[PDB]
Amino acid sequence: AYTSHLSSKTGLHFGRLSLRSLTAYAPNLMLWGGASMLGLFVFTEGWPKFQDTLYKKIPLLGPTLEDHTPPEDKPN
Amino acid sequence: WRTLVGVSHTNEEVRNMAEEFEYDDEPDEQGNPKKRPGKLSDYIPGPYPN
């Protein structure tokens with residue numbers, strides 16, 4: 001057998017990036033999105049609206065965030 | 001008075017204690033000044049006017 005040519009064709013690129021790199025970067029990019037969303041969760045936890053929507057819907061750790069001091073003792 | 005609730009007295013007790021003092025309210029339709037019983041936002045009054 002003798003090969004006089006190449007069986008090769010140019011892939012898809014935009015100069016800086018190509019899909020060769022992005023098909024390998026995509027699972028770690030989704031993991032970085034998950035890590036950044038967890039960082040947003042921990043840095044915006046003292047927020048009361050996010051506290052009552054998400055951070056009290058957590059099953060076991062949820063009711064530890066509530067302090068139900070009675071309405072007989074609050075100035076406002 | 002609002003710092004006093006939840007510390008030494010309750011909210012009803014401080015609201016009943018704040019009524020015994022009079023405070024300067026902004027004047028009414030005619031212009032002459034009025035007095036009002038105190039609410040929880042006003043400060044504890046001193047015994048001497050100056």
# chains A, B, ... in the order shown; residues from 1 in each chain; ligands from 1

$ interface_residues --of "chain B" --to "chain A" --cutoff "10 Å" --atoms "only C-alpha atoms" --output "list in words"
residues 1, 2, 3, 4, 5, 6, 7, 9, 10, 11, 12, 13, 14, 40 and 41 of chain B

$ select_by_dssp --residues "range 4-54 of chain A" --states "helix (DSSP H, G or I)" --output "ChimeraX atom specification"
/A:19-43,48-53

$ write_last_selection --atoms "C-alpha atoms" --output "PDB file, in the first residue's frame"
ATOM      1  CA  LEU A  19     -13.741  23.262  19.288  1.00  0.00           C
ATOM      2  CA  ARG A  20     -10.835  20.859  19.973  1.00  0.00           C
ATOM      3  CA  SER A  21     -10.183  22.922  23.105  1.00  0.00           C
ATOM      4  CA  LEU A  22     -13.811  23.639  23.998  1.00  0.00           C
ATOM      5  CA  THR A  23     -14.987  20.007  24.037  1.00  0.00           C
ATOM      6  CA  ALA A  24     -12.330  19.433  26.715  1.00  0.00           C
ATOM      7  CA  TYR A  25     -12.950  22.722  28.543  1.00  0.00           C
ATOM      8  CA  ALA A  26     -16.738  22.273  28.792  1.00  0.00           C
ATOM      9  CA  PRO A  27     -17.057  19.853  31.804  1.00  0.00           C
ATOM     10  CA  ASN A  28     -14.600  21.856  33.897  1.00  0.00           C
ATOM     11  CA  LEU A  29     -16.385  25.040  32.806  1.00  0.00           C
ATOM     12  CA  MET A  30     -19.662  23.599  34.113  1.00  0.00           C
ATOM     13  CA  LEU A  31     -17.875  22.662  37.350  1.00  0.00           C
ATOM     14  CA  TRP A  32     -16.512  26.221  37.583  1.00  0.00           C
ATOM     15  CA  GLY A  33     -20.048  27.528  37.088  1.00  0.00           C
ATOM     16  CA  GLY A  34     -21.190  25.317  39.950  1.00  0.00           C
ATOM     17  CA  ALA A  35     -18.312  26.521  42.143  1.00  0.00           C
ATOM     18  CA  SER A  36     -19.067  30.174  41.344  1.00  0.00           C
ATOM     19  CA  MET A  37     -22.760  29.663  42.114  1.00  0.00           C
ATOM     20  CA  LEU A  38     -21.801  28.099  45.455  1.00  0.00           C
ATOM     21  CA  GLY A  39     -19.565  31.116  46.077  1.00  0.00           C
ATOM     22  CA  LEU A  40     -22.544  33.367  45.368  1.00  0.00           C
ATOM     23  CA  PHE A  41     -24.595  31.230  47.792  1.00  0.00           C
ATOM     24  CA  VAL A  42     -22.091  31.679  50.600  1.00  0.00           C
ATOM     25  CA  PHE A  43     -21.315  35.361  50.029  1.00  0.00           C
ATOM     26  CA  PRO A  48     -32.938  38.303  53.921  1.00  0.00           C
ATOM     27  CA  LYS A  49     -34.893  37.763  50.679  1.00  0.00           C
ATOM     28  CA  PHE A  50     -32.578  34.948  49.591  1.00  0.00           C
ATOM     29  CA  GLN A  51     -32.698  33.744  53.213  1.00  0.00           C
ATOM     30  CA  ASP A  52     -36.471  33.296  53.159  1.00  0.00           C
ATOM     31  CA  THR A  53     -36.701  31.953  49.602  1.00  0.00           C
TER      32      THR A  53
END

$ residues_around --residues "residue 24 in chain B" --least-positions-apart "2" --cutoff "7 Å" --atoms "only C-alpha atoms" --output "ChimeraX atom specification"
/B:26,34-36

$ residues_around --residues "residue 37 in chain B" --least-positions-apart "4" --cutoff "7 Å" --atoms "only C-alpha atoms" --output "ChimeraX atom specification"
/B:19-23

$ atom_distance --atom1 "CA of residue 47 in chain A" --atom2 "CA of residue 61 in chain A"
16.5 Å
